[PDB]
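A.B. asks: First, the structure itself, so that you have it in front of you.
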Amino acid sequence: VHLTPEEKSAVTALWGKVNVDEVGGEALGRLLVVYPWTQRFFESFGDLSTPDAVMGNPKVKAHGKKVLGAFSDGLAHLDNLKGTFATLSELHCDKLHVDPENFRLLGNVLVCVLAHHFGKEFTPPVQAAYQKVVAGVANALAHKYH
Amino acid sequence: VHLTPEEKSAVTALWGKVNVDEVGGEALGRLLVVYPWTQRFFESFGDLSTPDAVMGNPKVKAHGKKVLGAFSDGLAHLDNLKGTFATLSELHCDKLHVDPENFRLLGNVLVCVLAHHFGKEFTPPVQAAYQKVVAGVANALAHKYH
Amino acid sequence: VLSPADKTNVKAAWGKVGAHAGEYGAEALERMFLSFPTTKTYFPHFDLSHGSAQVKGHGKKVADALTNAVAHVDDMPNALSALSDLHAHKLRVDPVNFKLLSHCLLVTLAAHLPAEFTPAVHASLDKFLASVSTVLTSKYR
Amino acid sequence: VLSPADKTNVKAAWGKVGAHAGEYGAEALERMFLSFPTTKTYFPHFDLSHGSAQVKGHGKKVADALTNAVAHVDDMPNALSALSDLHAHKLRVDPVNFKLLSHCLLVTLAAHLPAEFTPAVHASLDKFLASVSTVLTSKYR
Ligand code: HEM
Ligand code: HEM
Ligand code: HEM
Ligand code: HEM
């Protein structure tokens, strides 16, 4: 993956405004609601019975904070996403057997959350730069399948 | 991509029996018939109006021979599929803008052609080894998108 | 399959676009062209730059097709049949691309209608656009 | 959408499986488990090794579901509704996996019925299995 300096500026300027305690739970909760087969992997999280139950589930919020911290790490290392995600790739591929299409889906749910939270500031060129980011994260996370 | 020595033996023993003048046209022709949006990229090939017209089109057969020669090259370099496919990746991604899902589809059509031609010899373990091969070729061909 | 709540959710959310329908369709197309450059090759006869009158006009057409699908949500194969023929037979659009435009339509709605774009409505809108996409890719031959 | 020729082609090809129906369903499952190991995790209660009585028995069930879809090809959503509920609601099968089993069913048919597996019939069978898959993934909630 390929971001220009102007895309990197776009991406990191917005990211500095992201609430890192909330946005990852919002994205993970929306993954579980919008793509409900993903709930198969979160049986121990308890109540996932309704959208409100998912979004208010403290385990979803806490786990989403971890997910978002990995995206932050990728943002900080856009030129070595593979190394950055190696152990997470071993976990998600070799151990959990998550189909890698779901990595693409979670990245795109995050893009939707950023659109929702930033509104007009989430311009088409800003989105295009974030699509490069979430594609690169998904591809790096899927490396153990390749 | 990861083939064991026993998979490599399986794969290369079968490949030595493949008719290299015919199997690539059979796979490309079946791609164009089974996934007909792929015809968008072959307007200059002339008559693609019926399955018989596609399969008997000499340009499909000739172009399929080229495709199969690239697979043969990948078979000969399973540990450096990326280098092997670099110029073809530039062509198919940067120049032709083919969605990389179609690389997966063509590999799987080739698997179906091998099943058809080898019958009981195309055992489940032999297929599994060829799936690693066509996945690795598709991923290498898609490298310019990554 | 769309539930009764999904149908309510989609109508209600889409209802809030009002006179901006064409504008949001145009924005979604621009988002698609910029984010997924392989999609540009289907429009060699258009300039895809910002403020393009051609993208503006096409966005109104895309929005009109989406409103048709909302209005006839229980009979979508029939409502979109001509458009399904066009995209598969004449235009040969790769089925992957419907996922890309669908995502960009979700992004556009989220960027303009934050009160409407709740997790439940997001899910309903995704299912709706996946159903539109299923119809629009149903006619390959 | 399946054309009249696609329906004829699928019935005719499937017709040649005869008493081997269960065996070919079992083989397709084995092909899937070996080629796409992520799919194994849905069957922790089965041994997936060659000659497994559990895979043999499940292959008969899968074949019976496919014959139901062939027999009721014009009403497939209804015919497969219970199975669609099972795969989405109870089993939470990832939609990607239907493409993988569909490919393995094509491979199995090709390996056993070479005279039937012409390019036109291949295309019809792919469309048929994609339609089965669309029904079986239609009930997520
Ligand atoms: C872009 C995509 C994703 C990122 C960056 C991501 C990130 C992570 C992180 C940072 C962890 C915690 C690891 C720890 O405790 O060291 C985790 C755990 C896990 N993830 Fe993800 N994930 C992704 C996608 C997904 C998907 C799509 C699923 C399933 C649908 C999933 C399922 C899991 C599960 C079940 C665990 C818990 C593992 C355990 O504690 O044993 N992840 N993920
Ligand atoms: C695994 C996948 C594939 C392999 C290995 C492959 C291989 C090749 C080869 C070896 C060439 C000839 C290049 C030359 O003349 O130097 C070629 C040309 C081309 N391929 Fe593929 N291909 C693949 C998939 C596809 C797909 C899926 C499409 C479109 C649906 C496609 C479209 C084209 C076109 C249109 C050309 C002609 C380019 C030109 O001469 O300007 N290819 N491909
Ligand atoms: C939500 C999905 C989509 C909707 C509702 C939609 C809608 C429409 C509409 C209403 C038309 C005009 C039809 C005419 O003038 O009868 C059209 C044209 C067309 N669409 Fe789409 N479309 C969709 C997705 C796509 C995708 C994904 C692509 C390609 C990436 C695409 C490419 C085209 C092209 C190339 C034209 C013709 C443009 C003209 O040749 O000038 N469409 N679409
Ligand atoms: C052509 C596509 C498919 C067909 C026709 C099909 C058919 C069936 C049938 C008939 C049953 C038995 C239903 C019962 O006993 O009511 C079943 C069960 C089930 N299927 Fe499928 N299936 C399909 C694809 C998949 C896929 C892709 C997977 C996962 C990779 C899957 C996983 C399962 C599981 C885990 C069970 C339950 C096994 C029992 O818990 O013992 N199916 N399927």
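Letters A, B, ... go to the chains of the structure tokens in the order shown; residues in each chain start at 1; ligands are counted from 1 in the same order.
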Can you give chain A as a PDB file with C-alpha atoms, in the first residue's frame after you superpose it on chain B, pairing all C-alpha atoms in order for the least-squares fit?

C.D. replies:
ATOM      1  CA  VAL A   1       2.108 -19.780  -0.408  1.00  0.00           C
ATOM      2  CA  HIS A   2       3.138 -23.020   1.204  1.00  0.00           C
ATOM      3  CA  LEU A   3       3.296 -26.372  -0.754  1.00  0.00           C
ATOM      4  CA  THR A   4       4.693 -29.497   0.972  1.00  0.00           C
ATOM      5  CA  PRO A   5       7.008 -31.767  -1.022  1.00  0.00           C
ATOM      6  CA  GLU A   6       4.247 -34.333  -1.311  1.00  0.00           C
ATOM      7  CA  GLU A   7       1.916 -31.624  -2.727  1.00  0.00           C
ATOM      8  CA  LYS A   8       4.603 -30.463  -5.114  1.00  0.00           C
ATOM      9  CA  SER A   9       5.041 -34.017  -6.349  1.00  0.00           C
ATOM     10  CA  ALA A  10       1.294 -34.354  -6.830  1.00  0.00           C
ATOM     11  CA  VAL A  11       1.091 -31.085  -8.661  1.00  0.00           C
ATOM     12  CA  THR A  12       4.042 -31.589 -10.971  1.00  0.00           C
ATOM     13  CA  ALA A  13       3.219 -35.241 -11.791  1.00  0.00           C
ATOM     14  CA  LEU A  14      -0.177 -34.216 -13.047  1.00  0.00           C
ATOM     15  CA  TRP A  15       1.047 -31.147 -14.828  1.00  0.00           C
ATOM     16  CA  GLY A  16       3.437 -33.245 -16.909  1.00  0.00           C
ATOM     17  CA  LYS A  17       0.366 -34.873 -18.469  1.00  0.00           C
ATOM     18  CA  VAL A  18      -1.454 -31.611 -19.301  1.00  0.00           C
ATOM     19  CA  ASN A  19      -1.809 -30.767 -22.952  1.00  0.00           C
ATOM     20  CA  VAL A  20      -0.290 -27.250 -22.903  1.00  0.00           C
ATOM     21  CA  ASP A  21      -1.702 -26.328 -26.331  1.00  0.00           C
ATOM     22  CA  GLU A  22      -5.293 -26.949 -25.231  1.00  0.00           C
ATOM     23  CA  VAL A  23      -5.916 -26.622 -21.471  1.00  0.00           C
ATOM     24  CA  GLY A  24      -5.358 -22.860 -21.270  1.00  0.00           C
ATOM     25  CA  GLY A  25      -7.858 -22.184 -24.053  1.00  0.00           C
ATOM     26  CA  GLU A  26     -10.317 -24.506 -22.333  1.00  0.00           C
ATOM     27  CA  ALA A  27      -9.962 -22.573 -19.113  1.00  0.00           C
ATOM     28  CA  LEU A  28     -10.097 -19.112 -20.711  1.00  0.00           C
ATOM     29  CA  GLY A  29     -13.077 -20.113 -22.891  1.00  0.00           C
ATOM     30  CA  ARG A  30     -14.890 -21.477 -19.817  1.00  0.00           C
ATOM     31  CA  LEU A  31     -14.129 -18.200 -17.931  1.00  0.00           C
ATOM     32  CA  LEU A  32     -15.774 -16.211 -20.722  1.00  0.00           C
ATOM     33  CA  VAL A  33     -18.828 -18.504 -20.840  1.00  0.00           C
ATOM     34  CA  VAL A  34     -19.326 -19.017 -17.086  1.00  0.00           C
ATOM     35  CA  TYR A  35     -18.495 -15.413 -16.004  1.00  0.00           C
ATOM     36  CA  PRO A  36     -19.599 -13.451 -19.021  1.00  0.00           C
ATOM     37  CA  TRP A  37     -18.718  -9.960 -17.766  1.00  0.00           C
ATOM     38  CA  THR A  38     -15.116 -11.080 -18.460  1.00  0.00           C
ATOM     39  CA  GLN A  39     -15.917 -10.713 -22.176  1.00  0.00           C
ATOM     40  CA  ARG A  40     -15.665  -6.916 -21.665  1.00  0.00           C
ATOM     41  CA  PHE A  41     -11.869  -7.326 -21.887  1.00  0.00           C
ATOM     42  CA  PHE A  42     -11.885  -9.364 -25.150  1.00  0.00           C
ATOM     43  CA  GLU A  43     -13.881  -7.301 -27.624  1.00  0.00           C
ATOM     44  CA  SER A  44     -11.248  -7.682 -30.322  1.00  0.00           C
ATOM     45  CA  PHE A  45     -11.476 -11.503 -30.181  1.00  0.00           C
ATOM     46  CA  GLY A  46     -14.497 -11.503 -32.401  1.00  0.00           C
ATOM     47  CA  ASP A  47     -17.216 -14.099 -32.186  1.00  0.00           C
ATOM     48  CA  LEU A  48     -18.014 -14.793 -28.517  1.00  0.00           C
ATOM     49  CA  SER A  49     -21.769 -15.198 -29.103  1.00  0.00           C
ATOM     50  CA  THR A  50     -22.332 -18.803 -27.982  1.00  0.00           C
ATOM     51  CA  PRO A  51     -20.395 -21.335 -25.915  1.00  0.00           C
ATOM     52  CA  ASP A  52     -19.380 -23.167 -29.140  1.00  0.00           C
ATOM     53  CA  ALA A  53     -18.254 -19.911 -30.713  1.00  0.00           C
ATOM     54  CA  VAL A  54     -16.136 -19.066 -27.668  1.00  0.00           C
ATOM     55  CA  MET A  55     -14.570 -22.505 -27.321  1.00  0.00           C
ATOM     56  CA  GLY A  56     -13.810 -22.743 -31.022  1.00  0.00           C
ATOM     57  CA  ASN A  57     -12.500 -19.191 -31.366  1.00  0.00           C
ATOM     58  CA  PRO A  58      -8.877 -19.449 -32.401  1.00  0.00           C
ATOM     59  CA  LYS A  59      -7.974 -16.228 -30.524  1.00  0.00           C
ATOM     60  CA  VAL A  60      -9.335 -17.715 -27.286  1.00  0.00           C
ATOM     61  CA  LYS A  61      -7.233 -20.842 -27.832  1.00  0.00           C
ATOM     62  CA  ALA A  62      -4.125 -18.821 -28.644  1.00  0.00           C
ATOM     63  CA  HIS A  63      -4.532 -16.431 -25.782  1.00  0.00           C
ATOM     64  CA  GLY A  64      -5.276 -19.314 -23.421  1.00  0.00           C
ATOM     65  CA  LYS A  65      -1.943 -20.897 -24.409  1.00  0.00           C
ATOM     66  CA  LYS A  66      -0.205 -17.741 -23.135  1.00  0.00           C
ATOM     67  CA  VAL A  67      -2.179 -17.820 -19.890  1.00  0.00           C
ATOM     68  CA  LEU A  68      -1.245 -21.441 -19.323  1.00  0.00           C
ATOM     69  CA  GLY A  69       2.405 -20.690 -19.979  1.00  0.00           C
ATOM     70  CA  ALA A  70       2.303 -18.195 -17.125  1.00  0.00           C
ATOM     71  CA  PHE A  71       0.820 -20.861 -14.818  1.00  0.00           C
ATOM     72  CA  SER A  72       3.607 -23.220 -15.908  1.00  0.00           C
ATOM     73  CA  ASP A  73       6.117 -20.543 -14.986  1.00  0.00           C
ATOM     74  CA  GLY A  74       4.509 -20.157 -11.549  1.00  0.00           C
ATOM     75  CA  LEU A  75       4.714 -23.937 -11.103  1.00  0.00           C
ATOM     76  CA  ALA A  76       8.422 -23.702 -11.848  1.00  0.00           C
ATOM     77  CA  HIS A  77       8.901 -20.917  -9.290  1.00  0.00           C
ATOM     78  CA  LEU A  78       6.569 -21.612  -6.411  1.00  0.00           C
ATOM     79  CA  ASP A  79       8.870 -19.848  -3.991  1.00  0.00           C
ATOM     80  CA  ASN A  80       8.882 -16.485  -5.893  1.00  0.00           C
ATOM     81  CA  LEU A  81       5.505 -16.069  -7.436  1.00  0.00           C
ATOM     82  CA  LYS A  82       5.695 -12.301  -6.881  1.00  0.00           C
ATOM     83  CA  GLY A  83       8.740 -11.783  -9.071  1.00  0.00           C
ATOM     84  CA  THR A  84       7.459 -14.256 -11.602  1.00  0.00           C
ATOM     85  CA  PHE A  85       4.193 -12.295 -12.044  1.00  0.00           C
ATOM     86  CA  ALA A  86       5.429  -8.662 -11.617  1.00  0.00           C
ATOM     87  CA  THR A  87       5.048  -7.491 -15.212  1.00  0.00           C
ATOM     88  CA  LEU A  88       1.745  -9.379 -15.569  1.00  0.00           C
ATOM     89  CA  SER A  89       0.570  -7.640 -12.405  1.00  0.00           C
ATOM     90  CA  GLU A  90       1.448  -4.220 -13.809  1.00  0.00           C
ATOM     91  CA  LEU A  91      -0.459  -5.156 -17.001  1.00  0.00           C
ATOM     92  CA  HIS A  92      -3.592  -6.585 -15.394  1.00  0.00           C
ATOM     93  CA  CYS A  93      -3.871  -4.098 -12.534  1.00  0.00           C
ATOM     94  CA  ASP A  94      -2.359  -0.796 -13.664  1.00  0.00           C
ATOM     95  CA  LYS A  95      -3.115  -1.004 -17.298  1.00  0.00           C
ATOM     96  CA  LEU A  96      -6.230  -3.179 -17.722  1.00  0.00           C
ATOM     97  CA  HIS A  97      -7.876  -2.524 -14.352  1.00  0.00           C
ATOM     98  CA  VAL A  98      -9.142  -6.153 -14.071  1.00  0.00           C
ATOM     99  CA  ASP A  99     -10.748  -6.696 -10.666  1.00  0.00           C
ATOM    100  CA  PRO A 100      -8.502  -9.198  -8.881  1.00  0.00           C
ATOM    101  CA  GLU A 101     -11.456 -11.398  -7.922  1.00  0.00           C
ATOM    102  CA  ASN A 102     -11.352 -12.529 -11.530  1.00  0.00           C
ATOM    103  CA  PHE A 103      -7.844 -13.937 -11.002  1.00  0.00           C
ATOM    104  CA  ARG A 104      -9.328 -16.246  -8.348  1.00  0.00           C
ATOM    105  CA  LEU A 105     -12.162 -17.170 -10.721  1.00  0.00           C
ATOM    106  CA  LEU A 106      -9.810 -18.105 -13.564  1.00  0.00           C
ATOM    107  CA  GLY A 107      -7.691 -20.230 -11.220  1.00  0.00           C
ATOM    108  CA  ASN A 108     -10.770 -22.070 -10.070  1.00  0.00           C
ATOM    109  CA  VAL A 109     -11.954 -22.602 -13.663  1.00  0.00           C
ATOM    110  CA  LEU A 110      -8.535 -24.149 -14.355  1.00  0.00           C
ATOM    111  CA  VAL A 111      -9.053 -26.451 -11.356  1.00  0.00           C
ATOM    112  CA  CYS A 112     -12.383 -27.525 -12.820  1.00  0.00           C
ATOM    113  CA  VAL A 113     -10.708 -28.215 -16.197  1.00  0.00           C
ATOM    114  CA  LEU A 114      -8.073 -30.372 -14.485  1.00  0.00           C
ATOM    115  CA  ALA A 115     -10.794 -32.254 -12.640  1.00  0.00           C
ATOM    116  CA  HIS A 116     -12.591 -32.824 -15.902  1.00  0.00           C
ATOM    117  CA  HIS A 117      -9.495 -34.036 -17.724  1.00  0.00           C
ATOM    118  CA  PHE A 118      -8.000 -36.188 -14.950  1.00  0.00           C
ATOM    119  CA  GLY A 119     -11.092 -37.625 -13.349  1.00  0.00           C
ATOM    120  CA  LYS A 120     -10.423 -39.922 -10.388  1.00  0.00           C
ATOM    121  CA  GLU A 121      -6.733 -39.002 -10.595  1.00  0.00           C
ATOM    122  CA  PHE A 122      -7.667 -35.463  -9.517  1.00  0.00           C
ATOM    123  CA  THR A 123      -8.049 -36.647  -5.946  1.00  0.00           C
ATOM    124  CA  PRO A 124      -9.090 -34.352  -3.066  1.00  0.00           C
ATOM    125  CA  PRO A 125      -5.457 -34.020  -1.884  1.00  0.00           C
ATOM    126  CA  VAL A 126      -4.300 -33.267  -5.446  1.00  0.00           C
ATOM    127  CA  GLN A 127      -6.991 -30.566  -5.673  1.00  0.00           C
ATOM    128  CA  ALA A 128      -5.934 -29.082  -2.357  1.00  0.00           C
ATOM    129  CA  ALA A 129      -2.373 -28.719  -3.628  1.00  0.00           C
ATOM    130  CA  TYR A 130      -3.588 -27.078  -6.881  1.00  0.00           C
ATOM    131  CA  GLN A 131      -5.771 -24.669  -4.839  1.00  0.00           C
ATOM    132  CA  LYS A 132      -2.627 -23.465  -3.069  1.00  0.00           C
ATOM    133  CA  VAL A 133      -1.038 -22.934  -6.505  1.00  0.00           C
ATOM    134  CA  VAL A 134      -3.903 -20.944  -8.041  1.00  0.00           C
ATOM    135  CA  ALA A 135      -4.330 -18.876  -4.850  1.00  0.00           C
ATOM    136  CA  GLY A 136      -0.648 -18.006  -4.928  1.00  0.00           C
ATOM    137  CA  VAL A 137      -0.815 -17.063  -8.607  1.00  0.00           C
ATOM    138  CA  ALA A 138      -3.884 -14.843  -8.069  1.00  0.00           C
ATOM    139  CA  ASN A 139      -2.310 -13.132  -5.060  1.00  0.00           C
ATOM    140  CA  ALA A 140       0.926 -12.469  -6.977  1.00  0.00           C
ATOM    141  CA  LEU A 141      -0.978 -11.163  -9.985  1.00  0.00           C
ATOM    142  CA  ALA A 142      -2.857  -8.786  -7.666  1.00  0.00           C
ATOM    143  CA  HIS A 143       0.293  -7.395  -6.070  1.00  0.00           C
ATOM    144  CA  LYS A 144       0.015  -3.991  -7.796  1.00  0.00           C
ATOM    145  CA  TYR A 145      -3.357  -3.495  -6.028  1.00  0.00           C
ATOM    146  CA  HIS A 146      -1.870  -4.224  -2.595  1.00  0.00           C
TER     147      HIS A 146
END

A.B. asks: Using only C-alpha atoms, determine which residues of chain C fall within 8 Å of chain A; present them as JSON, numbers by chain.

C.D. replies: {"C": [27, 30, 31, 34, 35, 36, 103, 106, 107, 108, 110, 111, 112, 113, 114, 117, 119, 120, 122, 123, 124, 126]}

A.B. asks: Distance atom 18 (C, counted along the ligand's line) of ligand 3-CA of residue 29 in chain C, one decimal place?

C.D. replies: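 Rounded to one decimal, the two atoms are 11.3 Å apart.
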
A.B. asks: Would you pick out the contacts of residue 19 in chain C at 12 Å or less, using only C-alpha atoms, so that residues sharing its chain but fewer than 6 positions from it are not included, and give the list as a list in words?

C.D. replies: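 Using only C-alpha atoms, the neighbours found are residues 25, 60, 63 and 64 of chain C.
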
A.B. asks: Hey, list the chain C side of the contact with chain D: 10 Å cut-off, only C-alpha atoms, answer as a list in words.

C.D. replies: residues 1, 2, 3, 77, 123, 124, 127, 131, 134, 135, 137, 138, 139, 140 and 141 of chain C

A.B. asks: Using only C-alpha atoms and all ligand atoms, determine which residues fall within 9 Å of ligand 4, then list them as a ChimeraX atom specification.

C.D. replies: /D:29,32-33,38-46,54,58-67,69,80,82-84,86-87,90-102,105,129-130,132-133,136

A.B. asks: Determine the nearest neighbour of ligand 3 from the options C:12, C:17, C:5, C:55, counting only C-alpha atoms and all ligand atoms.

C.D. replies: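 When distances to ligand 3 are compared using only C-alpha atoms and all ligand atoms, the smallest one comes from C:55.
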
A.B. asks: What's the separation between atom 36 (C, counted along the ligand's line) of ligand 1 and CA of residue 104 in chain C, in Å to one decimal place?

C.D. replies: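 If I compute the distance from atom 36 (C, counted along the ligand's line) of ligand 1 to CA of residue 104 in chain C, I get 27.8 Å.
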